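Asks: According to the authors' numbering, the residues represented by the sequence shown are 182 to 494, in order. For reference, the structure I am asking about is given below.
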Amino acid sequence: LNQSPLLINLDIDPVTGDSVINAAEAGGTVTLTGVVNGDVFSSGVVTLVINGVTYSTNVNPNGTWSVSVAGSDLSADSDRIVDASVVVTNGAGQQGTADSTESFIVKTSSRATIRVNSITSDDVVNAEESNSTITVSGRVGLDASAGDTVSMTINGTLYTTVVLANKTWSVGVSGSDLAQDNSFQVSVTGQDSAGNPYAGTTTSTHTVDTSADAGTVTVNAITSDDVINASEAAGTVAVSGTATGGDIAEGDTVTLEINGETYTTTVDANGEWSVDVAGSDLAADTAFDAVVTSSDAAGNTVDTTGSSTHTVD
Ligand SMILES: [Ca+2]
Ligand SMILES: [Ca+2]
Ligand SMILES: [Ca+2]
Ligand SMILES: [Ca+2]
Ligand SMILES: [Ca+2]
Ligand SMILES: [Ca+2]
Ligand SMILES: [Ca+2]
Ligand SMILES: [Ca+2]
Ligand SMILES: [Ca+2]
Ligand SMILES: [Ca+2]
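What follows is the structure in structure tokens.
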């Protein structure tokens, strides 16, 4: 009572107040604090062990204490537990000891992912798309969050948007930038609940195809001698030719304008075409073009022209 051991209790306050050690805290010094309660005493020594490293301090007259420790020791501490002990002394030279522990959480980074969808439906920017607004869209994952910033620089132009509630994102980009920059980085940046910044990135690539390729179109003789007689002019004449090369394909439309009249047919599997024409039209119009309309897989279109002349008797 004057000769008895002192009975005390040792408490450690939550580490950095929120019980969480983040990257910035880990990279500096941290103040741990607590109280010694119980019997009255006139001084004391608190010993803390963290990551095998001992820290020590005094206890204040009001029973509190506080000590600077390496964030790196807290971050490295294998079980995320601070071990603590105290010895105190009173005026009569009685002493007392106690122990305590304090667990904490270490969260020094987070992971964020991002993906980017295809650039238009086929991941190809065609001629028409290159003169339009094209949607660039994607989603973010892992620790990335609604409200995060999504950015990309495309042909030197910075485009920005924000992650939506469902973690998708999209932003309108000019076709002409996409026509000129077929590979770029997209990033998502933000901050986790412990305050650590994070960044995720991905590379979007696409191809640019803004033209289809003309082939070769020919027109055969207009009848066997390339001359329209009175008799042939009275009837129907089969006008024929070829259409091959470039993007010309079976099924392509062949268009002929003769004497103000429009005639059409399609290219066949041999690369030939034939169409029935009124003789009266060929009689009035001694020269005309055959025009084949083609397209490539990107959806660009192109006209291939063959020109014809004949005589009339
Ligand atoms: Ca903290
Ligand atoms: Ca420990
Ligand atoms: Ca792509
Ligand atoms: Ca496309
Ligand atoms: Ca680029
Ligand atoms: Ca956040
Ligand atoms: Ca093409
Ligand atoms: Ca003839
Ligand atoms: Ca003509
Ligand atoms: Ca001819």
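For every residue, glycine included, the Cβ atom is placed at its ideal position computed from N, Cα and C.
Is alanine 479 near ligand 4, with its Cβ less than 8 Å from a heavy atom?
Replies: As a first step, residue 479 must be located in the sequence shown, where it is residue number 298. Answer for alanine 479: yes, Cβ within range of ligand 4.
Asks: With H, G and I counted as helix, E and B as strand and the rest as coil, what does DSSP make of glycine 422?
Replies: As a working mapping, residue 422 is identified with position 241 in the sequence shown. Correct three-state label for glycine 422: strand.
Asks: Going straight from the alpha carbon of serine 318 to that of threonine 301, what length do you get?
Replies: Locating residue 318 in the sequence shown gives position 137, where the first residue counts as 1. Locating residue 301 in the sequence shown gives position 120, where the first residue counts as 1. Each residue's Cα considered, the two are about 10 Å apart.
Asks: Taking 8 Å as the line, does the beta carbon of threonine 301 fall inside it for any heavy atom of ligand 4?
Replies: If you number the sequence shown from 1, residue 301 lands on position 120. Yes.
Asks: From what residue to what residue does the alpha helix (DSSP H) around residue 503 run?
Replies: Outside the modelled stretch of the chain, which goes from 182 to 494, sits residue 503, for which no answer is possible.
Asks: Give me the Cα-Cα distance between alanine 380 and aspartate 264, rounded to the nearest whole angstrom.
Replies: Within the sequence shown, numbered from 1, the residue matching residue 380 stands at position 199. Within the sequence shown, numbered from 1, the residue matching residue 264 stands at position 83. If I take the Cα positions, the gap works out to 35 Å.
Asks: Terminal residues of the continuous beta strand (DSSP E) containing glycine 215?
Replies: Residue mapping note: residue 215 aligns to position 34 of the sequence shown, counting from 1. That run of the beta strand (DSSP E) goes 210-219.
Asks: Helix, strand or coil for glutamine 184 per DSSP?
Replies: Counting from 1 along the sequence shown, the entry for residue 184 is found at position 3. Coil, per DSSP.
Asks: Compute the minimum distance between the beta carbon of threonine 490 and the heavy atoms of ligand 10, and state whether it is under 8 Å.
Replies: Along the sequence shown, read from residue 1 onward, the residue named residue 490 stands at position 309. Yes; taking the cut-off as 8 Å, the Cβ of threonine 490 has a heavy atom of ligand 10 nearer than that.
Asks: Between which two residues does the beta strand (DSSP E) carrying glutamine 366 extend?
Replies: Reading the sequence shown from its first residue, position 185 is the one you call residue 366. Run containing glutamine 366: 364-372, per the beta strand (DSSP E) assignment.
Asks: Could you tell me the distance, in whole angstroms, from the CA atom of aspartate 477 to the CA atom of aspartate 428?
Replies: Here residue 477 corresponds to residue number 296 of the sequence shown, with the count starting at 1. Here residue 428 corresponds to residue number 247 of the sequence shown, with the count starting at 1. If I take the Cα positions, the gap works out to 6 Å.
Asks: What residue from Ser374, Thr384 and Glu438 has the CA that sits closest to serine 368's CA?
Replies: As a working mapping, residue 368 is identified with position 187 in the sequence shown. Nearest of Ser374, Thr384 and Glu438 to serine 368, Cα basis: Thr384.
Asks: From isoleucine 231 to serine 332, what does the alpha carbon distance come to, in whole angstroms?
Replies: In the sequence shown, counting from the first residue as 1, residue 231 sits at position 50. In the sequence shown, counting from the first residue as 1, residue 332 sits at position 151. If I take the Cα positions, the gap works out to 41 Å.
Asks: Can at least three beta-carbon pairs, one atom from the region 340-355 and one from the region 321-328, be found at a separation below 8 Å?
Replies: Because the criterion of three Cβ pairs below 8 Å is met, the region 340-355 and the region 321-328 touch.
Asks: Report, in whole angstroms, the separation of the C-beta atoms of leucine 187 and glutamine 276, which I expect to be a contact under 8 Å.
Replies: Locating residue 187 in the sequence shown gives position 6, counting from the first residue. Locating residue 276 in the sequence shown gives position 95, counting from the first residue. That pair is a contact at about 6 Å.
Asks: Checking 9 Å against the spacing of the C-beta atoms, do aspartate 254 and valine 234 come in under that value?
Replies: For this step, residue 254 is matched to residue 73 along the sequence shown. For this step, residue 234 is matched to residue 53 along the sequence shown. Yes. Within cutoff.
Asks: If I measure Cβ to Cβ from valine 408 and keep anything under 8 Å in the same chain, skipping five residues before and after, which residues do I get?
Replies: In the sequence shown, counting from the first residue as 1, residue 408 sits at position 227. Within the same chain, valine 408 has close Cβ partners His491, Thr492, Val493 and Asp494.
Asks: What's the C-alpha gap between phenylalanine 222 and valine 269?
Replies: Position 41 of the sequence shown holds residue 222. Position 88 of the sequence shown holds residue 269. Taking the straight line joining both Cα atoms gives about 6 Å.
Asks: Where does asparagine 312 sit, in a helix, a strand or coil, going by DSSP?
Replies: Walking along the sequence shown from the start, residue 312 turns up at place 131. DSSP places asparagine 312 in helix when its eight states are reduced to three.
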